[PDB]
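Below, in structure tokens: the form deposited without N-(2-fluorophenyl)ethanesulfonamide, a single chain.
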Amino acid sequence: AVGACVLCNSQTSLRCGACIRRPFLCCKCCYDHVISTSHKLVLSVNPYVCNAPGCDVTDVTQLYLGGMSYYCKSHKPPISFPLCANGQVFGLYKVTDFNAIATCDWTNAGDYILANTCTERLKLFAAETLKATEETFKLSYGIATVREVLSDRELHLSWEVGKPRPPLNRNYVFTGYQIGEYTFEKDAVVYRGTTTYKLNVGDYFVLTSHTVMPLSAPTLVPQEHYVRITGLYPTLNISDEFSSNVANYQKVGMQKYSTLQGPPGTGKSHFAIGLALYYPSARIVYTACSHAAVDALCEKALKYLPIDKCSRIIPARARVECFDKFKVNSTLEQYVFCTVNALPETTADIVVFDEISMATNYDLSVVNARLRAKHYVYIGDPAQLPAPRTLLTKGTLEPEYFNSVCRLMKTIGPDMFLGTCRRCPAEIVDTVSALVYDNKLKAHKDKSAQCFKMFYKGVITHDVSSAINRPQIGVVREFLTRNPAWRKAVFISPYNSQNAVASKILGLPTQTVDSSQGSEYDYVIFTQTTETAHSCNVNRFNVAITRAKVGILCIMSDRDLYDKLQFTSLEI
């Protein structure tokens, strides 16, 4: 019970017993906490509760010190001192923002704003607290039981009465019972098992709530600026292919950490892998939150880096199919590609953390705790999608509040910015450059004259809360008959239920805006489906239209985003 104050580091025997994390609070801070919030239980070796038998007084403001013991106003001895007095709570070794983080339910955006504007120790407190709250919320959902098995990829479920049903999509991974993790999509429903198993009737599935470990390392280490490249040894013979990033690679060796903003198709993977060719002796650990982002770094490394010095770290609890061309789980190889949740405890000359808009402050801290590096490089784009905040229902979370890295990129600017989009036809580059990049993103490709927009509200239907717009899919079908080259297009929408309907009617491969991030396709057909804050989110809109290399067809619902699209308008 002897620890350090989460607000001023002063040693104390006190912990808040009403806080879900039970943080150590010193005498000065513990008082300021209990007197301002509903939190009145204070813990030490022994809790601050009335020692008199049968007495249920646990409020520290109603308790006193009777010799070396604690009693309430009804049981205290004549010579007794209040525990709460003189701006302090008695203990050993004798904040407005800490109060709000400790008591908030994490359903408002203002909660996440505070979690990113507070001090560094409060960012960790905020991140463990939020993650613990997100986990305890998983238990609130009802158990799903197999009623009947139709085929190898379709079934019917029975839900627990009195408990809400969790939204059916890929963002919700059930744990089957220990018969492997499973996922669901919309009485015909689709079952998806990680471990192949002959679907058992009666066997149940439950969202496996994982334990929230405490945070020790900061989100960002303290920044250091050096006079020369430190601990890294550059080449002189540097491939012309990567010469455009030499000044930026040197910037990386002259700072403890650096931020890189890379809009879609500006060369982020190319920069990440090229940094290994610039410091050829350096041991680089490549990390991201998702397996897809780590796999995209593996694909780029396979093309430029020696395969024998690469290793893809895969957790023994192998959830989904990932990169197979490196030696698996060899932590000591020069190049280690691994998700944040699977990071081993090791050191590196450079740590590259990719897809930074998808990281939370919890992930930022874990990386600093498992990896001790000479240099840390954060790559991503705050104009792209953030990690889903399952508890957030009220307010919109702005890019400067995604995490510490995003906050820096939106306030003091990124250290480096990849200014030329090489993927998209100019119509798309011109649209997103004005929308989210302050006109600083430039097009490399010409206008393709294959970027179309159509304003068509259709009819909005719902599969619970996930939306469907069948008339917008009907407009796509009409378009495909008249433009059969577009049959090679990927259908994209902000809703999985819209995607499910379009998969059956159009036969095109399907992808939500959120799962399309990081990928590129020749042709994209996007239906906005609705005009909600979700389908109108500028970061989501930016990701949606920057997936295309050649052509895009946008069937729009919102007049605003439709008018901003610098595309050829279509009629019907």
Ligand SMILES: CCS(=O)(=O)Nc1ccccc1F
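All residue numbers are counted from 1 along the displayed sequence. Each form is matched to the other, and the largest set of C-alpha atoms that superpose within 1.5 Å is called the rigid core.
Looking at the other PDB entries for this protein, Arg283 is present in the model in all of those that include the residues around it, rather than absent from a third. In at least a third of the other PDB entries of this protein that model the residues around it, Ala318 has no coordinates. Unmodelled residues of the deposited sequence between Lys440 and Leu441: none, the chain being continuous. Going from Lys186 to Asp187, the model skips 4 to 9 deposited residues, which lack coordinates. Between 81-89 and 348-356, it is 81-89 that carries the larger average Cα temperature factor according to the deposited entry. The stretch 120-128 shows the higher mean C-alpha B-factor when 120-128 is compared against 467-475 in the entry.
Residue-level inspection of the entry shows that, of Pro399, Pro234, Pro494, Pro263, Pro234 has the top Cα B-factor. Annotation for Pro53, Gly67, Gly518, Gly507: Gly67 ranks highest, by Cα B-factor. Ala144: CA B factor lies in the highest third for its chain, per the PDB record. When all modelled residues of the chain are sorted by CA temperature factor, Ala434 is found within the lowest third. When the CA B factors of the chain's modelled residues are split into thirds, the value for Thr339 lands in the middle one. Ranked within its chain, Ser535 lands in the lowest third, by CA B factor from the PDB record. Per the PDB record, residue ranking by Cα B-factor puts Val294 in the middle third of the chain.
The form deposited with N-(2-fluorophenyl)ethanesulfonamide bound exists for this protein as well; it is not shown, and the discussion that follows is about that form.
Of the stretches 151-159, 311-319, 106-114, 191-199, only 311-319 has residues with a heavy atom within 4.5 Å of N-(2-fluorophenyl)ethanesulfonamide in the deposited complex.
Though N-(2-fluorophenyl)ethanesulfonamide is absent from this view, in the deposited complex it lies within 4.5 Å of a heavy atom of just one residue from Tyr278, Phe90, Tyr71, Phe353, which is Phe90. Interface residue among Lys131, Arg370, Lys76, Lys186, judged by heavy atoms within 4.5 Å of N-(2-fluorophenyl)ethanesulfonamide in the deposited complex: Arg370. Taken together, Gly17, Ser44 and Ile460 are entirely out of contact with N-(2-fluorophenyl)ethanesulfonamide in the deposited complex: none brings a heavy atom within 4.5 Å. Within 4.5 Å of any heavy atom of N-(2-fluorophenyl)ethanesulfonamide in the deposited complex lies no heavy atom of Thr136. At a distance threshold of 4.5 angstroms between non-hydrogen atoms, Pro164 is out of contact with N-(2-fluorophenyl)ethanesulfonamide in the deposited complex.
Taking non-hydrogen atoms only, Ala342 approaches N-(2-fluorophenyl)ethanesulfonamide to within 4.5 angstroms in the deposited complex.
N-(2-fluorophenyl)ethanesulfonamide in the deposited complex is approached by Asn86, whose closest heavy atom lies within 4.5 angstroms of it. With the two forms fitted on their core, the C-alpha shifts between this form and the one not shown stay under 2 Å for all of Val149, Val328, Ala247, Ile412 except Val328. Relative to the superposed rigid core, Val60 undergoes a CA displacement of at least 2 Å between this form and the one not shown. With the core held fixed, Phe541 shows a CA shift below 2 Å between this form and the one not shown. After superposing the rigid core, the C-alpha of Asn51 moves by 2 Å or more between this form and the one not shown.
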